[PDB]
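For neighbour counting, all protein chains shown are included, and Cβ atoms are generated from backbone atoms with ideal geometry for every residue, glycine included. Please treat every number below as a calculation from the coordinates, not as lab data.
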Amino acid sequence: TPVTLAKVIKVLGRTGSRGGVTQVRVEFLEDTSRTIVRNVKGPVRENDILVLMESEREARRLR
Amino acid sequence: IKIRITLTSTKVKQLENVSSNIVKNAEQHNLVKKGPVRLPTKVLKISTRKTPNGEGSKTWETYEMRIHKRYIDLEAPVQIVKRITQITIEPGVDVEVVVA
Amino acid sequence: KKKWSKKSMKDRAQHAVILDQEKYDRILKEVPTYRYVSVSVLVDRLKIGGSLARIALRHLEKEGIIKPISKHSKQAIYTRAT
Amino acid sequence: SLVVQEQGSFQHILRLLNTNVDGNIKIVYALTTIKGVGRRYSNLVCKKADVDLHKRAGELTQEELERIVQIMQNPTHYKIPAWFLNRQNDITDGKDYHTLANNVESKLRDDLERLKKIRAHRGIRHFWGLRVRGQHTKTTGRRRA
Amino acid sequence: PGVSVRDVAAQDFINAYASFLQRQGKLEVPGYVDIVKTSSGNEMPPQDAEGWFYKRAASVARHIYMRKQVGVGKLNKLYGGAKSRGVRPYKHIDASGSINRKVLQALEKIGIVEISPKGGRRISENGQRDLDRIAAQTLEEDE
Amino acid sequence: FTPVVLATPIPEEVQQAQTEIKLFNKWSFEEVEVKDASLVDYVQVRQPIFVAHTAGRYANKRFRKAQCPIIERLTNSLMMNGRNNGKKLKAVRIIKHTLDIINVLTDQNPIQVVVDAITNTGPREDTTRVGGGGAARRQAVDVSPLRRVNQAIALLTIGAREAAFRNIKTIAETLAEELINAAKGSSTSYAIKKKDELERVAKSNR
Amino acid sequence: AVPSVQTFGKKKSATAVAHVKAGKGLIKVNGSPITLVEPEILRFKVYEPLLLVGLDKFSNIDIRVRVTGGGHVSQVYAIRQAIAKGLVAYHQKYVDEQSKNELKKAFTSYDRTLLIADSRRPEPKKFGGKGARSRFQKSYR
RNA sequence: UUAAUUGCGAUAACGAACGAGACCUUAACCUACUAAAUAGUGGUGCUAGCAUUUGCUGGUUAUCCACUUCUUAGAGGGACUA
RNA sequence: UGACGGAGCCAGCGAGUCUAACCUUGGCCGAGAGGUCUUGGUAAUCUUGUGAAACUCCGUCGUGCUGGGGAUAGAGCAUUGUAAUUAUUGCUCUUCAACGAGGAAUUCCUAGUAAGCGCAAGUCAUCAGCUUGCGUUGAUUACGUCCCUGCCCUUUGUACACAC
């Protein structure tokens, strides 16, 4: 299971039609200086390493 | 002779100064006595429906009333049951003189 | 009417209620190989009913092999004492 | 260790008081199959018979089942309380009785028929099929026909 | 040392006092031991069959030691419990008064519990010494 | 050692418990590390406890539930299914009994087995509702480390609880078997199979 | 006039007073030794104040605690809080701060509930439901 | 911005009123006051059991002494987000 | 994470008789319900430490429409009342039926809260599965949204005004 360890540096805001997902600006610990935005279902504040099964998909507001 | 002054009322302020006046008459002269004993307040509670009819959302009430009971224990011969018997009674509170 | 539910258990393989001989040699030579033994373990693998494991679990605990690591309320945990 | 072997005297099934008594279970509870004997009465019968309560129905010596059987058909003779019987002060004679497997059902029909013949409220409602103890039937007792 | 009935666990002491009541059955044996249900809430008679009377006597005597005065209704309330009234919810039901009465009178016959002023019973002077001697034994049995 | 005997004596085993921190009296909290760096700082194993029965102030705010011992969380999540509401004295009894089986079978530190099991059964990807407007539709998202631990504990508890429904095996061994099998990543685990379902569903709807 | 101190403690509605005087190391609750609890699982929960710091400070004191009210766990939480406050009180009438301040720091460093009582109390029940927040089942049609 | 037309402020509007808030009761804190066999606590006598070696567990209103930590209260303090 | 039988076995709110007959302690009788002779109390004082239950430890049992579950009935024993019959209720034995986690749909809930547990009071001569309160054990799950069901303000449109 090729995963990517990424630590967030800023939370954009909770999104979704029922507010079950959150937009976060997250950077990867390995191969740093590259920053992407990803979705989170559970509670996240900062310095949380989420296991990214796939690291190549740009996130956006969900209906 | 074991005179005890029992006071029951619903108004705390009026019952307080009656005890204060009784205890102030006690600490004058000599009258070694026991101070006010603070019995727990008896809180009546009758819960009733607000609706006089049967129609309406279930909204209950609680009409409560607090009884404050304090007794004053005296110990002296007849030379103060000519003196203590002069009741310092305000509206509300009542006194019951009990000996032995 | 309608239930929308199933009604069946399986197939009750009723077994020993009184300890016999042909399995008395079995137990004495088969449970000393149990790293973990308890009431339910020989109920499943050794296929023993209700009121025989408790006697058998009391059997070896008092007599020999398996030892009281933790015998307590509704759980008698014993090991492969050797 | 309280472990004993078996020689072959175990019988997987019994037949007491003209009814099926399944083995493989304790004697105190294997006698509950008899129509008219419950957990307490079976415990009482086994206690006075000295049949080693922790014994399976199959692993019972035949000399103890007759002693149990005789207590079933005549409990009051064996020091059983008069208040431990299902049929007390029988309407026919008055002696304290105890109906058995076939007597429990048969005697039940006789008293309903006696109630029915006298045209009492309980008898007529029993024939009708409704409740006879005064329960509500407006919302209960539906899936009966 | 200074061991006593309060210096012992409940289960070990009651079994120990039951042990030192079965070996010589001096106290009594009522005629209806095997037919009582201990209450109107309990559904089945006790499964101890042969004993259960000195077991209750052991528990009653130990209960008497830590207290001053009790009554048969007090024992009924203590030894009662919830009753399964069919589909209706559970409810507290007192124990069998005759059973506690026979135990309490039996403890009087041996000389372990006697009547006390202000009503009720109380541990006996011979009762206190033997019950304390039991505690000195059950601790040293495990030692 | 310290053989101090007071006026009221205490067994030497309890005197031994004062050497190291609580230790559940037999099981090392130390030498237990969460393998995944993702679940660090959210699976509390540093703080030791005699028992898993404390009246903590954990639900008042957002993240004090992370500052809760992982063993205690297992007892809390084992307290479900309706009739088994409350009775926390029971819940720690299975936990103690189950934790023992993890020592008798698969002889490592059971606390270590617990922490690696939850890190191996926590979903990494999950789907979410996005129906927006048009009957239904799924869409895959990620799982926070806190939700990974919460989902991992919930899956283990429900799996053993369901597998103990109308079965001779007690909840103690059912919990032990579920945790051991999930610890080594075997397919027979209910929690592992559920993690496969959620990840596959999210992968298909990616 | 023999050395002695007194304290108190509550969990939900229980009370536990520890008359910690100068003795030979006797810890008793309701006349029974400390080793006889009742849940038999929280025995180490009441053993707590005994074992955080060590038994050497407990060798010159006797803690006698009487408890009333609450459930079995509430009684246990009353006992542990009372003896923990009893230990500091004995150190708060005889012994120095270094004995007391690191005693009174370490107790809260593990858990604040040893000295600070639980502030939460049962809330009154409101009409329309079996509890405060809970409400009866409402329906239409 | 706030639970709140609750405030900052803006401003052909100024000054206001009701509601909300404020207020009252209860639940929490007081080892600070007043105290108290109709609540207790400790001590002195009488007395019991175990060990007696130093103690522990108890019973006892006319055996008295001292205290209010726990038990109840009345007057008060504390919380204002510092 | 069970039922049953033994033990340990801890609460809070509240009520209670005068010219009446209430709360009843204690002793005795009865398996039990209950009966009997007395005692204390107009009440922090006596009922009552309401020794409550859920709870825990020993055992019985076993995955079995079975020791789960107690509807349905039969017989007997008592209490309340002038009167109980379409059983008031309580106690004992026996009969042991549906029900194996519940379909479309839907109710309540963010901390001692939910839920499990019993108690007191109200109706009361007797009768709780009800209600009002009290305490006991005590979770998981959010710290957000207007997607669904509704609300407030402003802008906008209206052939609505008993007003979608």
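Working carefully through the options F:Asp116, F:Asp196, find the one that is out of contact with any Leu (no Cβ under 7 Å at 6 or more places or on another chain), away from chain A (no Cβ under 14 Å) and at negative phi. From the options F:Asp116, F:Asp196, the qualifying one is F:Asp116. Taken over the stretch B:1-31, the criterion of being more than 10 Å from RNA strand H (Cβ to nearest atom), within 11 Å of the chain's Cα centre (by Cα) and among the polar types (S, T, N, Q) is satisfied by B:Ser9, B:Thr10, B:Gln14.
Among strands (runs of 3 or more DSSP E) entirely within chain B, having at least 1 residues that are loosely packed, with under 12 Cβ neighbours inside 10 Å and more than 14 Å from chain G (Cβ to nearest Cβ) singles out B:34-38, B:42-46, B:63-73, B:94-98.
Rundown of residues vs (1) over 30 Å from C:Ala53 (Cα atoms); (2) over 16 Å from the mean Cα position of the chain (by Cα), yes/no style:
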site: D:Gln7; (1), (2): no, yes
site: D:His12; (1), (2): no, yes
site: D:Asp22; (1), (2): no, no
site: D:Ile27; (1), (2): no, no
site: D:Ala30; (1), (2): no, no
site: D:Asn74; (1), (2): yes, no
site: D:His77; (1), (2): yes, yes
site: D:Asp93; (1), (2): yes, yes
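With respect to (1) farther than 28 Å from F:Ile180 by Cα; (2) surrounded by fewer than 14 Cβ atoms within 10 Å (Cβ to Cβ); (3) not polar (S, T, N, Q), the lone exception for C:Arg54 is condition (1).
Each residue in the stretch G:14-32 was checked for being over 16 Å from G:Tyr90 (Cα atoms), in a loop (DSSP other than H, G, I, E, B) and within 7 Å of RNA strand H (Cβ to nearest atom), and 2 of them qualify.
Within the stretch F:154-173, residues that are on the phi < 0 side of the Ramachandran plot and near RNA strand I (Cβ under 7 Å from one of its atoms) have Cβ atoms under 8 Å from residues that are part of a loop (DSSP other than H, G, I, E, B) and among the basic types (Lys, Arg) in these pairs: F:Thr170/C:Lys74, counting only partners at least 6 apart in sequence or on another chain. Across the stretch E:1-56, the number of residues qualifying as of a type in the set (D, E, K, R), within 7 Å of RNA strand I (Cβ to nearest atom) and surrounded by fewer than 17 Cβ atoms within 10 Å (Cβ to Cβ) comes to 3. Residue count for the stretch G:59-79 satisfying the condition of being within 25 Å of F:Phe1 (Cβ to Cβ) and either surrounded by 24 or more Cβ atoms within 10 Å (Cβ to Cβ) or more than 13 Å from every other protein chain (Cβ to nearest Cβ) (or both): 2. Restricting D:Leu108, D:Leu53, D:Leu100, D:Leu112 to those that are in contact with a helix residue (DSSP H, G or I) (Cβ under 7 Å, 6 or more places away or on another chain), more than 21 Å from D:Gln11 (Cα to Cα) and surrounded by fewer than 16 Cβ atoms within 10 Å (Cβ to Cβ) reduces the list to D:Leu112. Of the helices (runs of 4 or more DSSP H) entirely within the stretch F:8-110, those holding at least 3 residues that are among the hydrophobic types (A, V, I, L, M, F, W, C) occupy F:70-77, F:88-104. Of all the criteria given as (1) within 11 Å of chain G (Cβ to nearest Cβ); (2) without any contact (Cβ under 8 Å) to a residue 60 or more places away in the chain, the one not satisfied by F:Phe24 is (2). When the stretch E:117-135 is filtered for residues that are exposed (fewer than 14 other Cβ atoms within 10 Å of the Cβ), near RNA strand H (Cβ under 9 Å from one of its atoms) and either part of a helix (DSSP H, G or I) or of a type outside the set (D, E, K, R) (or both), the ones remaining, listed by number, are E:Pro117, E:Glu125, E:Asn126, E:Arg129, E:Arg133. All told, F:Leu74 falls short of being in contact (Cβ under 8 Å) with a residue 24 or more places away in the chain, within 11 Å of chain G (Cβ to nearest Cβ) and of a type outside the set (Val, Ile, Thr).
Return the total of residues in the stretch A:24-42 being surrounded by fewer than 14 Cβ atoms within 10 Å (Cβ to Cβ), assigned to a loop (DSSP other than H, G, I, E, B) and either touching an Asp or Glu at 6+ places or on another chain (Cβ under 6 Å) or touching a residue at least 12 places away in the same chain (Cβ under 8 Å) (or both).
2
Applying the criterion of being over 23 Å from D:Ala82 (Cβ atoms) and more than 10 Å from chain D (Cβ to nearest Cβ) to the residues of the stretch E:36-49, the residue that is nearest to the chain's Cα centre (by Cα) is E:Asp48. Determine whether C:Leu52 is in contact (Cβ under 8 Å) with a residue 24 or more places away in the chain, within 14 Å of chain D (Cβ to nearest Cβ) and more than 12 Å from the chain's Cα centre (by Cα). So C:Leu52 fails the test. Out of the stretch G:111-141, which residues are within 14 Å of chain B (Cβ to nearest Cβ) and either within 14 Å of RNA strand H (Cβ to nearest atom) or hydrophobic (A, V, I, L, M, F, W, C) (or both)? Within the stretch G:111-141, G:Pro124, G:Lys125, G:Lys126, G:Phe127, G:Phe136 qualify.
Limited to the stretch F:131-153, what total is found for residues that are without any contact (Cβ under 8 Å) to a residue 40 or more places away in the chain and crowded, with 20+ Cβ neighbours inside 10 Å?
7
C:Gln21 fulfils the conditions (1) within 12 Å of chain D (Cβ to nearest Cβ); (2) surrounded by fewer than 15 Cβ atoms within 10 Å (Cβ to Cβ); (3) in a helix (DSSP H, G or I) except for a single criterion, (3). In the stretch E:1-29, the residues that are more than 14 Å from every other protein chain (Cβ to nearest Cβ) reach residues that are near RNA strand I (Cβ under 10 Å from one of its atoms) and in a loop (DSSP other than H, G, I, E, B) with C-beta atoms within less than 8 angstrom, at least six apart or across chains, in these pairs: E:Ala18/E:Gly51; E:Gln22/E:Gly51.
Apart from one condition, A:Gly13 fits all of (1) within 16 Å of RNA strand H (Cβ to nearest atom); (2) in contact (Cβ under 8 Å) with a residue 40 or more places away in the chain; the exception is (2). In the stretch D:83-94, the count of residues that are surrounded by 13 or more Cβ atoms within 10 Å (Cβ to Cβ), part of a helix (DSSP H, G or I) and not β-branched (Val, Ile, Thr) is zero. When G:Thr15 is tested against the conditions (1) within 14 Å of chain F (Cβ to nearest Cβ); (2) of a type in the set (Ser, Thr, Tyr); (3) surrounded by fewer than 23 Cβ atoms within 10 Å (Cβ to Cβ), the lone failure is (1). The number of residues in the stretch A:25-58 being more than 18 Å from F:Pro145 (Cβ to Cβ) and facing another protein chain (nearest Cβ under 9 Å) comes to 1.
Within the stretch E:67-90, residues that are away from chain G (no Cβ under 14 Å) and part of a helix (DSSP H, G or I) have Cβ atoms under 9 Å from residues that are within 16 Å of RNA strand H (Cβ to nearest atom) and aliphatic (A, V, I, L, M) in these pairs: E:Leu78/E:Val70, counting only partners at least 6 apart in sequence or on another chain. When D:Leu60, D:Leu44 are screened for being crowded, with 18+ Cβ neighbours inside 10 Å and either at positive phi or within 14 Å of chain C (Cβ to nearest Cβ) (or both), only D:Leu60 passes.
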